[PDB]
Amino acid sequence: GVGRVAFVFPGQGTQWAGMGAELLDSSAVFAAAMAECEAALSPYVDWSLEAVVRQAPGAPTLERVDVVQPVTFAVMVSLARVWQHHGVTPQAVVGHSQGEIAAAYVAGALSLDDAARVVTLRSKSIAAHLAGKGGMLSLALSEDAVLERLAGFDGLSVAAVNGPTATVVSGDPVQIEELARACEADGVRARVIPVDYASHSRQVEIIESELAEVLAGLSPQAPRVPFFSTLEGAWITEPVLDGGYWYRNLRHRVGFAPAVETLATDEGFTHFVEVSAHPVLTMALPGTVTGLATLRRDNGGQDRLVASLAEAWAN
């Protein structure tokens, strides 16, 4: 059973210091793609992509969002390019939060200049207003009981429903800690996410008047590869990925489990290739679809690339 392949582009928790550094030396396609992404990013970032990846002394250390998000975007775009170089073209692409931007590029929907602009400017808005103001929390629990436990906490919301077992809430940090302590009181699993902002929450509305000002000139195109939106929760077949879409993506829930249930049950997708620097979503697909990661934390060189290609080809 292989049917169709989907490229998964995750959101948070996939970063690690030095991701792609060994791959910049090992893979010429990856290095070419990362140079192209650096050229695309440079009119916005002030820093250097390769310097951050090679952890040069005068480079940012991925601690801030306005760095870690365009770097993750570049790595995911480049890793998709590597996959396609080795014979694995996606029958579809599906993205999680910021991953959607990367998806939107590999689908052909957005151009690299526009994709880079989206990721960079949204990350800068997050760092200029959302940073240090919010919080996010992963709970090993269904969103059905989680939407119930959000009662009494108007400053919270459901940020993502990644699988039928673990959701992600996002909101005010004090209420995030309160909910985490309440879950630790009933003996449940709770993982406070190391994120100073609160994506997909209400606070994102603050940056709306900013986002529409910096993403207005976008020129989205018809997706060449099918593009399953986890915001609209369905296919995207029209050039409707403008700046408003990129605000909605950041402000509204991530419907990733709906996306994978749809692509698996309906459209015949059997293999999901998580194009990422560390797998964070493959432990959430249904038990019947194959999940294929790319790189792992600190395992991000040619060893890991050939291991992932071997696990894909054995699949």
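Since every read-out is calculated from the coordinates, none of them should be taken as a lab result. Ideal geometry is used to build each Cβ from the backbone, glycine not excepted, and the neighbour counts take in all protein chains shown.
Observations on the model:
- Helices that extend 27 Å or more along their long axis by alpha-carbon positions and average at least 0.5 on the Kyte-Doolittle scale are, among the DSSP H runs of the chain, 65-85.
- Annotation: segment 1-156 has a Kirkwood hydrodynamic radius of 16.9 angstrom, from the mean reciprocal C-alpha pair distance.
- J(HN,Hα) series, segment 13-24, from Karplus relation 6.51 cos²θ - 1.76 cosθ + 1.60, nearest Hz, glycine and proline x: x, 9, 8, 7, 5, x, 7, x, 5, 5, 6, 4
- More than 29 angstrom apart: percent of Cα pairs within the chain: 32
- Average Cα contact separation per residue, the chain, under 8 Å, 6 or more apart, as relative contact order %: 24
- Long-range HN-HN contacts of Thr167 with modeled amide H, under 5 Å: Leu139, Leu141
- Taking the chain as a Gaussian network of alpha-carbon nodes connected by springs under 10 Å, the highest mean-square fluctuation of the residues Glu22, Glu274, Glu63 belongs to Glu63.
- Once the Cα gyration tensor of segment 74-233 is diagonalised, semi-axes √(5λ) in Å: 31, 20, 13
- Theoretical ellipticity at 222 nm over the chain - DSSP helices of four or more residues, -39500 (n - 2.57) apiece, nearest 500: -12500 deg cm²/dmol
- Segment 225-245 residues near the modelled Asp266 label - backbone nitrogen below 15 Å, point 7 Å along Cα→Cβ: 226-238
- Within the shell of other residues whose beta carbon sits under 14 angstrom from the beta carbon of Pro239, the net charge comes to -3, with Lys and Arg scored +1 and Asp and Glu -1.
- Per-residue extension of 0.36 nm, minus the Cα-Cα distance of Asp144 and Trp313, leaves a gain of 57.1 nm for this segment.
- For segment 208-306, alpha-carbon Rg relative to the globular expectation (2.2 N^0.38 Å, N residues): 1.28
- Volume of the Cα convex hull of segment 135-193, divided per residue and given in Å³: 64
- In plain terms, the C-alpha convex hull of segment 168-211 casts an average shadow of 3.3 nm² when viewed from every direction.
- Between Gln221 and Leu110, the built amide H atoms are under 5 Å apart, and every one of these is 5 or more places off in sequence or on another chain.
- Neighbourhood net charge (15 Å Cβ-Cβ; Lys/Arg +1, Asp/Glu -1) for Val88: 0
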